[PDB]
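Alright, two takes on the same chain below, each alone as structure tokens: structure 1 and structure 2.
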Structure 1
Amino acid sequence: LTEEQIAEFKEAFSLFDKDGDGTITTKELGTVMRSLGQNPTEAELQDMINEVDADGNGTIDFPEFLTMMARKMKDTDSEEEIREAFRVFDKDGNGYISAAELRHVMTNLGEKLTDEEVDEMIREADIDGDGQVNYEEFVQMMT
């Protein structure tokens, strides 16, 4: 891994962490995934957190989250995880995440940020300079 790779993962830890206390439970998984329109089962929640649990205690701190992001589990009928995530952002499915829709996604995840910041983010991912973020640019900022 690298400085920047570890830097993305700190931020992905922070969004699940809800009540603070630097740990993630099966509850924070289930809750944040249901706000993104998913519906986990109690058995499959426990198939995720207790897999990377260690040290006992029942929660996941950042060392654990960090190991998970490298030594992950394998997949089943999955392949296009970038189109599935893109689909979650691009509310009206025209293929272009507007600055407006990015603000909608961040507030549902709990982030209260400046308009200057909302557009700063669009401008980081906007390869062609049209003012919005499309799919072929989303895939590339991932890859």
Structure 2
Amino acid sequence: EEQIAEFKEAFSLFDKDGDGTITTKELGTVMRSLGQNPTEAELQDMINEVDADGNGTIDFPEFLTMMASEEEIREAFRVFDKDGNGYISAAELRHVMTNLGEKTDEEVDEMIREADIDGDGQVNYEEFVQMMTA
């Protein structure tokens, strides 16, 4: 169905300059913001594996075709949990989301409450998986 609405949005998080296509650079930066260090070669292998046209960029229709686990998440958690204490504070949550692509404390504290099962005011690993595995 129109779940193509979630992929379109996912596509837009990558298609940063919104020119309709994802490039090698534009892919590397998002992957870096999430704790990875892909090489330039890996950035063209991945694109070309989705790039059916022969351009070097991925447009939405191509992206959709492609779009149709612990370590990636445990790795994301560590990007969030900047001081590695097992808890994502409200400060760390801001710092990382503004690095992921975002500019308030009502927006951040709403985030915490939306996943704060035990109610301690911060986000642990367990609570983290819940918001990543939908």
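Quick note, the numbers are simply positions in structure 1, starting from 1. Rigid core here is just the name for the largest C-alpha set that superposes within 1.5 Å across the two forms.
Core-superposed comparison between the two structures: the Cα of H104 travels less than 2 Å. The rigid-core alignment places the CA of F89 less than 2 Å apart between the two structures. The Cα shift for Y135 between the two structures, taken after rigid core superposition, is smaller than 2 angstroms. Note on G20: its Cα is shifted 2.6 Å between the two structures, core used for superposition.
Once the core of the two forms is superposed, the Cα of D53 has moved 2.0 Å between the two structures. Summarising the core-aligned comparison between the two structures, the C-alpha atom of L36 is found to shift 4.4 Å.
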